[PDB]
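Here's the letter readout for the chains.
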Amino acid sequence: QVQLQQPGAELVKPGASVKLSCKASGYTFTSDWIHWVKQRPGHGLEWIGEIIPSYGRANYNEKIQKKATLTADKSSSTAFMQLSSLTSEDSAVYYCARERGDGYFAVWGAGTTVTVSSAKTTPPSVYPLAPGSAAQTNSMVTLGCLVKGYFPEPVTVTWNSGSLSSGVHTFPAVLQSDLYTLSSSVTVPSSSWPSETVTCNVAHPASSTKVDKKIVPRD
Amino acid sequence: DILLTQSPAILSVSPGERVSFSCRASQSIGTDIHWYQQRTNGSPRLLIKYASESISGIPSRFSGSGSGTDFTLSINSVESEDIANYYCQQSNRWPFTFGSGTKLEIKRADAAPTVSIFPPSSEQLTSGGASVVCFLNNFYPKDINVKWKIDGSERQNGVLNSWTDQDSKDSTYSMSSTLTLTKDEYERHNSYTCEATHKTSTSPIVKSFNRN
Amino acid sequence: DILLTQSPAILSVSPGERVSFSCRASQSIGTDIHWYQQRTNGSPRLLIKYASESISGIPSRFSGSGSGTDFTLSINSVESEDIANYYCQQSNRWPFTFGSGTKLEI
Amino acid sequence: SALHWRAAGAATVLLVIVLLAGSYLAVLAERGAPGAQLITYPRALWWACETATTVXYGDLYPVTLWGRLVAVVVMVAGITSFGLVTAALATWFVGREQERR
Ligand SMILES: CCCCCCCCCCCCCC(=O)O[C@@H](CO)COC(=O)CCCCCCCC
Ligand SMILES: [K+]
Ligand SMILES: [K+]
Ligand SMILES: [K+]
Ligand SMILES: [K+]
Ligand SMILES: [K+]
């Protein structure tokens, strides 16, 4: 089971402060250190700091401005990271990872997408993408779903609750006027649809909203 | 603090060939180097620890070598699932540090795109907007141009595109092109067409549809 | 004797921006580096000791990092009162030595 | 049994404890100090072992105030216990010779 669980996202207004969490499971030793890593889009991994829960001591990357403050809760096995007075420079995915005091990161969390913006939270609109009545098909057919008007990133799109992964393409989101938009496509043997259902499950962590949208041919 | 240099930043290998990633430390660090793999939108994954030690669950294809300042991560016969960014990390001296990263890119056989045009959904129309979506899927190389035409005339306004990184399934690329109009703006026009011009064909591949 | 190289000799930053001074030693000196500030017609003033330790009375804006041969003095959001010459000084090996200096210009 | 043996054994058990505690505490004190190498537990246990025996190869050592203090505790515990085994042996040999004579 997932060793480190982190909230999918967090929206923060410039100058404000948010607290990220990392709930650990699996074997826990007195020699465990929890690390935090910052990764901005298109860039690499940047170490932020560490903390040893069993003792409560934490250290930080000296090379960068100290935006973080680390604390831990032994009873709930949760490591927290408090980021303060943020700016758009602090917008990135923040990973937590576990190290058994032996120098390497055995396992990482899925990461929390943090976005610093004065904008507002907005769930996405999910529309079906079925072929036009005049579109001819081969042995395969392509379908999809349009996800638009959401904020902030990210959204997770799966087909048939993950049971269908092969033949999928979820394109990167394009930002326009304080709102994101993206589409995802899927290809299945043309003969298998619509006899076998196909639905897209779009999750939007920021606003805690999951929605399904069955894809059926046009009237 | 120890600086880990990863060069080149991008590596291109043919399917099945042997590839090698390099990591150079600014001072001797024994074998205290570790490697991670991070696929598009994925979290880092431990590949090799202490320069050459294998991890369980990782393909035998992966191996590491080196000591001191120079380290190598090797893959015997690369495949599509290996397309990702690779990072080294040292634990010899505090604070731990990461290399800048190397992107693994594969060179496969040319592939023409599979074009698909989609009329705006009904649930959207009744909302006051309309987006005609086009997918140019699984092609190679990634260089490609998409064009729109409304009633025969090239359209440009309201067009937003998006490209996918290389696919870890078949080393291909895909792109989506979306022309968004207002419900009305969409009503006073007959046919919409998406045109794809790719290296694999001297002639544009196109898909159309009439609003009727 | 350890040579401390400070380059560039002059640094120009916009008001409020983040600036970084560099000091490179001709051999490893751990964290035995110290930073001083000297304003026009003023005497030197200790800013940071042992590469990253803060001194009392010095603005929180000032910070230092590094170990070995490479050291950095950083100022988060520079202001007018920071206009001065900056010097590094090592105490790892005898005799103590000073870098040549970097002038902060806004 | 005889006091010396009880003291020698006790200052083996205590030494093993100091080696583990001294190894865990050195990593705690040294992480955070730029340039430090005594930062992972396995090599820290090796470090303590070579410190308590007074061999000190120089491959690893503390650079911080607390790590050094820990080092002094590890040194004294090792030296003390070895001096207690030597003293226990002398007592066993001396008391044993009184017989052979
Ligand atoms: C929180 C309390 C901490 C107490 C100390 C625990 C240390 C960790 C266990 C020791 C070794 C694990 C091996 C490993 O994964 O590391 C090896 C990787 O190649 C190399 O080992 C090493 O090179 C270190 C050798 C240490 C030898 C000590 C001999 C003592 C009689
Ligand atoms: K000795
Ligand atoms: K010795
Ligand atoms: K020695
Ligand atoms: K030596
Ligand atoms: K020595």
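A. Inspection of the overall build of chain B at higher detail. When you go through chain B residue by residue, the secondary structure sums to 2 helices and 19 strands. Relative to the 2.2 N^0.38 estimate, which gives 17 Å for 212 residues, the radius of gyration of chain B is 23 Å and therefore markedly larger than a compact globule would have. Principal-axis analysis of the C-alpha atoms gives chain B an extent of 70 × 35 × 30 Å. Taking all 212 residues of chain B together, 49% fall into the buried category.

B. How the structure looks around the sheet that holds strand 8 (residues 78–83) of chain A. Residues and elements named next belong to chain A. With antiparallel pairing, 4 strands are arranged side by side in an open sheet as 1-3-8-7. Every other strand in the sheet has two partners, leaving strand 1 (4–5) and strand 7 (68–73) as the edge strands with one partner each. One ladder, built from 6 bridges, connects strand 7 with strand 8; its direction is antiparallel. Bridging from a neighbouring strand, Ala-72 pairs with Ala-79 of strand 8.

C. The site of ligand 1, seen in detail. Neighbouring residues of ligand 1: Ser31(A), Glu53(B), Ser23(D), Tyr24(D), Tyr41(D), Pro42(D), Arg43(D), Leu45(D), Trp46(D) and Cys49(D). Mapping the residues adjacent to ligand 1 onto the chains of the assembly identifies chains A, B and D. Between ligand 1 and the protein, one listed contact pairs an oxygen atom with a side-chain N or O atom of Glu53(B) at 3.3 Å. Here ligand 1 has 810 Å² of accessible area as a free molecule, and 51% of this is covered by the chains. Considering every element that reaches the shell around ligand 1, the biggest residue donor is helix 2 (residues 41–52) of chain D, with 6 residues. Grouping the amino acids of the shell around ligand 1 by side-chain chemistry returns 6 nonpolar, 2 polar and 2 charged.

D. Structural context of the side chain of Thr199(A). Residue and element names in this part refer to chain A. Mapped onto the elements, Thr-199 comes out in strand 18 (residues 199–204). What makes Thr-199 buried here is its relative accessible area of 12%. Residues within four places of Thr-199 in sequence aside, it is in contact with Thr-158, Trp-159, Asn-160, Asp-212, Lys-213 and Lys-214.

E. Examining the coordination of the potassium ion (ligand 2) more closely. Protein coordination of the potassium ion (ligand 2) is provided by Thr54(D) (O) and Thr54(D) (OG1), with donor distances spanning 2.8 to 3.1 Å. For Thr54(D), the position within the fold is in the loop between helix 2 and helix 3 (65–100).

F. Geometry of the packing of helix 1 (residues 3–30) of chain D against helix 3 of chain D. All names here are of chain D. Close contact between helix 1 and helix 3 brings their axes to 9 Å; oriented N to C, the two are set at 165 degrees. The orientation of helix 1 relative to helix 3 falls into the category roughly antiparallel. The two elements helix 1 and helix 3 meet at a crossing, and its hand is left-handed. Along the lines of polarity and charge, the residues of the contact of helix 1 with helix 3 split into 19 nonpolar, 6 polar and 1 charged.

G. Up close: the interface of chain B and chain A. Between chain B and chain A, the residue contacts involve 40 residues of the former and 41 residues of the latter. In total, about 3,400 Å² of surface goes out of reach between chain B and chain A, with carbon and sulfur atoms giving 65% of it. Taken as a group, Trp94(B), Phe96(B) and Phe98(B) account for 18% of the area that chain B buries against chain A, more than any other trio of residues on that side. Here chain B is connected to chain A by 14 residue pairs in polar contact. Breaking the side of chain B that touches chain A down by element, the ones donating at least two residues are strand 4 (33–38), strand 5 (45–49), strand 9 (85–90), strand 12 (114–118), helix 1 (122–125), strand 13 (129–139), strand 16 (159–163) and strand 17 (173–182) of chain B.

H. Up close: the environment of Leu45(A). Relative to the elements of secondary structure, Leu45(A) occurs in the loop between strand 4 (33–39) and strand 5 (46–52). Sequence separation of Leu45(A) and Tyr95(A) is 50 residues, and the distance between their C-alpha atoms is 9.4 Å. Not counting residues up to four positions away in its chain, the partners in contact with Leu45(A) are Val37(A), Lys38(A), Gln39(A), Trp108(A), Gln38(B), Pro44(B), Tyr87(B) and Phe98(B).

I. Focus on the domain arrangement of chain B. All names here are of chain B. If you check the domain split of chain B, you get domain 1 (1–108) and domain 2 (109–211). Computed over C-alpha atoms, the centres of domain 1 and domain 2 are 37 Å apart. Each partner contributes to the interface: domain 1 provides 10 residues, whereas domain 2 provides 13 residues. Carbon and sulfur atoms supply 45% of the area buried between domain 1 and domain 2, which totals about 930 Å² over both sides. Taken as a group, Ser-80, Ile-83 and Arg-108 account for 65% of the area that domain 1 buries against domain 2, more than any other trio of residues on that side. At the junction of domain 1 and domain 2, the tally comes to 0 salt bridges. Across the domain 1-domain 2 interface, the total number found is 4 residue pairs in polar contact. Residue classes in the side of domain 1 that touches domain 2 are distributed as 2 nonpolar, 2 polar and 6 charged.

Cut-offs and rules
- Residues numbered from 1 in each chain as written, not as in the entry; some residues may be left out.
- Chains lettered and ligands numbered in written order.
- Part of a larger assembly, values for the part shown.
- Heavy atoms only, no water.
- Residues with missing side-chain atoms left out of burial classes, pairs and counts.
- Helix = DSSP H or I, 4+ residues; strand = E, 2+ residues; numbered from the N terminus.
- Rg over C-alpha atoms; globule rule 2.2 N^0.38 Å.
- Buried < 20%, exposed > 50% of the residue type's maximum accessible area, 1.4 Å probe, protein only.
- Pairing = 2+ DSSP bridges.
- Near = heavy atom within 4 Å.
- Polar contact = N/O pair within 3.5 Å; in protein donor to acceptor, adjacent residues only side chain to side chain.
- Areas by Shrake-Rupley, 256 points an atom, 1.4 Å probe, with all protein chains shown as cover.
- Nonpolar A, V, L, I, M, F, W, Y, C, P; charged D, E, K, R; others polar.
- Contact = heavy atoms within 4.5 Å.
- Donors = N, O, S within 2.8 Å, 3.2 Å for Na, K, Ca; no water.
- Axes fitted to C-alpha atoms, helices over the stretch in contact; angles between N-to-C directions.
- Parallel < 35°, antiparallel > 145°, perpendicular 65-115°, else oblique.
- Left-handed = near helix turned anticlockwise from the far one by under 90°.
- Buried area = accessible area lost by both parts, 1.4 Å probe.
- Domains from an automatic or database assignment.
- Salt bridge = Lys/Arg side-chain N within 4 Å of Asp/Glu carboxyl O.

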